[PDB]
Amino acid sequence: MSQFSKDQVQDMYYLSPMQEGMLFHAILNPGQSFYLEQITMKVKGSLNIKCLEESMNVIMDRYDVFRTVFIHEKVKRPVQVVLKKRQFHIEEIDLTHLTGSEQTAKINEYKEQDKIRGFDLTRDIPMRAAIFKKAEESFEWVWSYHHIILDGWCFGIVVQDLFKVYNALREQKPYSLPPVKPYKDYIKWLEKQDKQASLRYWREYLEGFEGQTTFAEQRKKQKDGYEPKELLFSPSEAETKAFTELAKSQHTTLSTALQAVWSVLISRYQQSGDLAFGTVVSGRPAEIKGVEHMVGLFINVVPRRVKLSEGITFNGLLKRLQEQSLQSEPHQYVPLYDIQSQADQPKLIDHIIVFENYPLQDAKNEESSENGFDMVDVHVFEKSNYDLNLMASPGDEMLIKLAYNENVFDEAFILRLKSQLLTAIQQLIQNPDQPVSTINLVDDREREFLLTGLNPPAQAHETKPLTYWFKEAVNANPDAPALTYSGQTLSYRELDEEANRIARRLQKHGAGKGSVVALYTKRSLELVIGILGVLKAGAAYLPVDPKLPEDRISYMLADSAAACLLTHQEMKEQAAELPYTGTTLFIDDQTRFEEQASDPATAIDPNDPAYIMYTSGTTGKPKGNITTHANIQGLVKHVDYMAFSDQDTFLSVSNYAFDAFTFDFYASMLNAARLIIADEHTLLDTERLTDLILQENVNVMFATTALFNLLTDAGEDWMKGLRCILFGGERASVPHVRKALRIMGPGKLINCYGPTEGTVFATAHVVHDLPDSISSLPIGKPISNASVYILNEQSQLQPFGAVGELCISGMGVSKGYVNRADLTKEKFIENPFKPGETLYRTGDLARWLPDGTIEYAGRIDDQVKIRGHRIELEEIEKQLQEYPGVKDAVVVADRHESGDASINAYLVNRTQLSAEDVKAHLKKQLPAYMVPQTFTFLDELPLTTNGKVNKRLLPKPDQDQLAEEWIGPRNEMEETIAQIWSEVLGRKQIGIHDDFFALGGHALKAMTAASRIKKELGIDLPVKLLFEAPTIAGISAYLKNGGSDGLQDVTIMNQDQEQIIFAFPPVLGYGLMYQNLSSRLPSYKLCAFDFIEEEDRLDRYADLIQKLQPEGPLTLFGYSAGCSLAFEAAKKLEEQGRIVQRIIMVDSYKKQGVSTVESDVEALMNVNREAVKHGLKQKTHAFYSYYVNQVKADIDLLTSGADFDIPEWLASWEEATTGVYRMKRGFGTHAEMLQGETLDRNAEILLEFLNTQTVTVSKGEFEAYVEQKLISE
Ligand SMILES: CC(C)C[C@H](N)C(=O)O
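Residue numbers (the numbering used here): 1 to 1273.
Structure, rendered in structure tokens:
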């Protein structure tokens, strides 16, 4: 039964590793046309097919690979066997009698048979060709070959030779082709190499790589499936020349150039200079002297890792890349999945870059003069393997293609990427010696959009001291209440006078301009009078928090140069033992009334200091920021983030040492509102706060985020009378904001973000929507006098949507840090996009959302990438702080001699919680990659001087904590699937977290194991995808989250309505079909199931609908075989106790008995001709089979429009129900009922049933329903 004899054998040899993998893929996963290439060539002209066949047979002799077949069945290592002679035939077909469309349809038909047919590498010639005659000089030509013996590059050499021969033979002319070095020579080379050394090289290359999701923030996560989509573009002719000429003067490939510019582009999307992507390489090693003319498999996809060192330029980068290209050459035979199997990274590479050496498309279509025919078109079949592919081929102006999965990426994004690539190509090559980090990558349209389009408008209005704005508010209505504390209220008049008095006494004692005045007040009326007096005297105030330690005050005193100190009397221990030999004056003091209650005429410059408050940033001692009159005008005047008025009553709950208070005081007092100052003991006390709010009729308030959440958890009454609630300081807690929103309504909650150095907040998000699918609350849009720029480290504008350092400019930017020119120069810079202005570098990370609001991404100094996931280390810290009974906790990240980082948690507690207590909590609270790897317990954390944060050197964690609990199969599933692993790897005692390749696994077994689940004791799953899923847990994850029937698998349509219907599948077995029916079901939400092939499929639906709808009247559906399924379903419902309102059968009847299996599954698929097509036979085979071999629910049948004679083994449902068996006649025969215009007539009727409409309700039943739906809230 062997198809060949020993005589036929000319030679034999072993397979390249790549080949070897392709072969096994084939054996185990045939039909999936992974390695089938198919090139269609549109040929216009005269074609001697006979001569072309003969010419193909010459090529057949010329190249061993075409006479090669493979042996694998019973043999330790597979073998390639070259045969002496194989005769090639071109299937010739005439379609001249058909229409254009008909010809096209037939050819598309041949192609699809061809794609599923594949090759049998045991026997077939691994290439075939069909030629279709469309008209007299019009042909379409379909070549097909298996990748196991050729790559695209080779293919062209073959076609070139085919045509020299072709042209020679048809003119009866001699010819000569050069000697061809056999593919066997590459195998010999390959056999001289050390596979483990090559593996080592890659492992070292990728050592310490922290992984990458390219364009992570732009990716859509919605349902799977590839939606192929394409964007063709090219630079200018000039741009292409300078590009091309630069690659040469630097002596590198066009390919390497392209990858250099790409690296810089993704550099700006990944927040990183350690970068990776796939590249296709020639696989043709220098050391085989004529390697460049051999024909067979060489090309390979391999990873490129690029490290953009500080200051690296383009030419530096080119050098870098060309250099490692060489180093890699001897190792390109290693299959990518072996490169990954030892790597650390699942998502190692994400996307790939191709510069097709010389495309089959562009190269082949040249001079019909010699060939006698024109190849008008060429078209290769491309298998969408990555979600984004950059591909380029040379030309006068270079042809670039971004080929992508639009289920993942928006065309809008691929469009921006295009223009950023084009800008990249220009700027990089124009400026090939500048640090790459310095190059600009945004076009003018985008640059304008980002700077101008995303920021507020330019405003005229400008500038006037606070004293002036205050005079405005006072003159408005002197009798209006201005200030209140503990009952005692003051009018704008009274407050003004008490402040003029204080402004004069100050001015007398030599405060004036250029000095700082130290406030030392507990919250009181005086506090506020102090502030005004200081401003009115032309000075700057320094709030001193009475609760601070003596020595932190003494620092602030000296540093600020505070010439004077202004106090209280309940603070009469301003003596205490501070000390302070400066002048100190009380506004307790009754001697104040001696001076005038008119103000002085204190000429003030807006840009002069208004105040100083210190913050902790400069790890060590705290730093004073200088805030300005004009600064403060920016926050409160000419701003359209809502408007405050004479009619508002503010409550200040913010300590006057923090610039939240500057909002409290200035937003009220400069809009003529009432300011209520909460007493010290009310600040963090939600009951007092709620009462003060209630008794004072407060309508506006700023709370820290912690207080806001605190209040929100305590009660609702406090918020019910508020018209506006600002909060900020930490990341908004969405659950809490969602709670506030529902009580308060939209336009009320405002989330505010800002460093001190930007004066309180630079952006604000007024909450209106709160989408159920909401990760983090935006920090919104800049306030009217501020600007925001998302920049890289070198002040380059990031792509719209990329993460970068949030920088601020506009009126709010402070005059910098007291006595510290070094720090000011570091954080504060000249605004590159606006002469005259200053830019503050916040240290925070952010991106613009598509809506122009801003999403906060954490601190630069608090980031860690794990498994391609940017992790914010403060988000895990806060989860530890909240865990009942915790006290302190910090999290460091470190890597060893590699770059391969991990996260250690540290906790002080006592002896309350054991080590794993904390781990159990985070397990489900936080995602897996954010869970710390150790949990060292301390009495306390080290500090270093003024250190809320700690002396980083905590102890290197104890390694017992690396040893964790072995967890063997949890269920009967994993046991049997751990059985095959055990069998395959030949190793006992495997836990569900053990690595397959770490256990001795490799290429074949990874497949061979995924095969044993694929039938032979199993149930089928992706083969080359245990490299994907190396842990049994990860594969239980793949097949429970994305396996069969669950949250994703059984189709849903019409989501944001309500009224559920529960469909059942037709004979073919898939709910995807009623998708086309869902449209004509406008109000009803659909559950389109699949067919479950198991005998106890009964209980699976019993579990499914119980989840999807727990109680009430149930409505089932069934078309075709889905009927007797849906009946054998409601019986169980009401057997297990669940009321079914009604069922709607559609042209299918009762099983009153029983009556070939595959041929009629094929014959009925022949009246119905991978994701939807792969498992289509073996499921339809079983459901069609299941078919051939009472309930309380009302049944409604919609019958065919065609007449019908009933079998004895079929019958009406009349008997099969106790209730109303109503029924109607539809339009269309059994097939066409649920497709086309016939479906749309059958729809209206399906209402009539579901409609019913009359459905007479009782008054008690109606009222109750109403009050029921209401209480829901
Ligand atoms: C976010 C900013 C408004 C800062 C403010 N001082 C706060 O407590 O949140």
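All C-beta atoms, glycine included, are put in the ideal place defined by N, C-alpha and C.
As for any alpha helix (DSSP H) of minimum length 4 sitting wholly inside the region 444–497, the runs are 444–448, 466–476, ordered along the chain.
Within the model, the alpha-carbon separation for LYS637 versus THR627 is close to 16 Å. Between the alpha carbons of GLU366 and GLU329 lies a distance of about 33 Å. Scanning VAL528, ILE353, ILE148, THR463 for the CA closest to the CA of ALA482 turns up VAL528. In this structure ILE632 is not in contact with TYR656, their Cβ atoms being roughly 14 Å apart against a cut-off of 8 Å.
Using a cutoff of 7 Å, the CB of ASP844 does not count as near ligand 1, since none of the ligand's heavy atoms is closer than that.
The closest heavy atom of ligand 1 lies 7 Å or more from the beta carbon of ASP713. Rounded to the nearest whole angstrom, the CA to CA distance from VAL474 to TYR520 is 26 Å.
In terms of Cβ geometry, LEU402 and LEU422 do not form a close pair [threshold 8 Å].
With a cut-off of 7 Å, the C-beta of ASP545 is classified as distant from ligand 1, since no heavy atom of the ligand falls inside that distance. Residue side-chain check: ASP194 keeps its Cβ at 7 Å or more from all non-hydrogen atoms of ligand 1. Placement of the Cβ of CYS752 at a distance of less than 7 Å from at least one heavy atom of ligand 1 is found.
About 7 Å separates the Cβ atoms of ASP1196 and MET1145, confirming a contact at the 8 Å cut-off. The alpha-carbon of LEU232 is positioned some 7 Å away from that of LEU399. Counting the other Cβ atoms within 10 Å of the Cβ of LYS956 gives fewer than 16, which makes it exposed.
Assignment of beta-bridge partners to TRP718 by DSSP yields no partner. In this structure, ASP433 is the residue among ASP1205, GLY290, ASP433 with its C-alpha nearest to the C-alpha of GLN250. For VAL760, the shortest C-beta to heavy atom distance toward ligand 1 is below 7 Å. DSSP, read as helix, strand or coil, puts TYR1084 in coil. For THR1199, the pairing in a beta bridge is given by DSSP as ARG1225.
A contact is defined here as three or more CB-CB pairs under 8 Å, and the region 108–127 meets this definition with respect to the region 14–31. One Cα belongs to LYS825, the other to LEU839, and the distance between them is close to 11 Å. Within the chosen limit of 7 Å, ligand 1 reaches the beta carbon of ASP659 through at least one heavy atom. Judged by their CB atoms, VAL334 and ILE39 are not nearer to each other than the 8 Å cut-off. Counting only runs of at least 3 residues, the region 780–829 fully encloses the following beta strand (DSSP E) elements, listed from N- to C-terminal order: 786–791, 804–810. For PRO835, the number of other beta carbons within 10 angstroms of its own is below 16, and it is reported as exposed. With fewer than 16 other Cβ atoms from the protein chains shown falling within 10 Å of its own Cβ, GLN1048 counts as exposed.
For the options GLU245, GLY843, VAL291, the alpha carbon positioned closest to that of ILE790 is the one of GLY843.
Nearest in C-alpha terms to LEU770, of all of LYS781, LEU741, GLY754, is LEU741. In this chain, the alpha helix (DSSP H) harbouring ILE27 covers 17–28. Taken through DSSP and simplified to helix, strand or coil, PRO303 comes out as strand.
For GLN596, the number of other beta carbons within 10 angstroms of its own is below 16, and it is reported as exposed. With a cutoff of 8 Å on beta-carbon distance, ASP900 and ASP344 are scored as near each other.
Going by beta carbons, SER560 and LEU535 fall outside the 8 Å limit.
Going by beta carbons, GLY208 and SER898 fall inside the 8 Å limit. Exclusion of the five residues before and after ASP995 leaves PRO1030, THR1031 as the residues of its chain whose Cβ lies within less than 7 Å of its Cβ.
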